[PDB]
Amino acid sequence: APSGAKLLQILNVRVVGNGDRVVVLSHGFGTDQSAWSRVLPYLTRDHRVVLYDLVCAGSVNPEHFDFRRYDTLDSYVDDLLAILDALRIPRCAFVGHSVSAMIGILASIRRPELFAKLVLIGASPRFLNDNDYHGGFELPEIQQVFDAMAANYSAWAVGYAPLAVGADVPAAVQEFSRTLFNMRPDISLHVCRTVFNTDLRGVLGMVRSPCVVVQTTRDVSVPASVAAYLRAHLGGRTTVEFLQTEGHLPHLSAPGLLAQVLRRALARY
């Protein structure tokens, strides 16, 4: 597996901004680090911002996608820590969307002194239901996503993109579809399978970093009740912030409102 040093190029690592307060921005499924481009200038005057692409992003050469290594989220965590260690960053705030919120939770447990604060957007510890637990999906319907992605990825993408964006923002729909279509279909399916096989409920109590959970009014993959569950079970001091906007991708569809929350969350850590 590639070293942290090699990952700096493979994952298109970028470091921008001023100061010694470090913020890492980690994008979610179906995008790449360009998803942060609209909120980024709200952070770079006050923070040193580290950006990178998950190995599944369309902007990463498909040759580096190890279908063995990456069938667990633990390997995505390995990559994040390797990048931060290569950059010689001992302490940071971490902002993760979607799968990266799960990666952030796992990274905080692996390296408690490295993560001074987590900000989780579109966050869920488990997407499948379980008795007294509402995740949003039953097993036969995650299986329906899989069959649709495999049978007709392009048609699945055009249907999913407006649902994910949620609000009526056509430039966000087109920009998300573009990065969804840049992904190779088999890699896209593989990451989705990995995310739906992840269940972090049993380790939330092991997180000790303070956390801010960012909740929008409506999220196709995250039920409103999930944020309360995270606040109840995360092992650190946790606050829920409410974006009065609709959708799963507020960094695409409502950058100004999102930036207000991020600046508040990242003021002291």
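Quick note: we count residues from 1 along the sequence shown, nothing fancier.
Trainee: Decide which of the stretches 36-44 and 238-246 has the higher mean C-alpha B-factor, going by the entry.
Mentor: Here the higher of the two C-alpha B-factor means belongs to 238-246.
Trainee: Highest mean C-alpha temperature factor of the two stretches 100-108 and 187-195, which is it?
Mentor: Result: 187-195.
Trainee: Tell me, please, which of 124, 72, 179, 152 has the highest C-alpha B factor according to the deposited entry?
Mentor: The listed residue with the largest C-alpha B-factor is 152.
Trainee: From 254, 11, 15, 23, pick the one with the largest CA B-factor in the entry?
Mentor: In this record, 254 carries the highest C-alpha B-factor of the candidates.
Trainee: How does residue 156 rank on Cα B-factor within its chain, lowest, middle or highest third?
Mentor: Highest third of the chain for residue 156's C-alpha B-factor.
Trainee: Taking the entry's C-alpha B-factors for this chain, is residue 206 in the lowest, middle or highest third?
Mentor: Middle third.
Trainee: Taking only the Cα B-factors deposited for this chain, tell me whether residue 68 sits in the lowest, middle or highest third.
Mentor: Tercile = highest for this residue's CA B-factor.
Trainee: Give the position of residue 56 by CA B-factor within its chain, expressed as the lowest, middle or highest third.
Mentor: Tercile = middle for this residue's CA B-factor.
Trainee: Mind checking which third residue 115 falls in for C-alpha B-factor across the chain?
Mentor: Ranked within chain, residue 115 CA B lands in the middle tercile.
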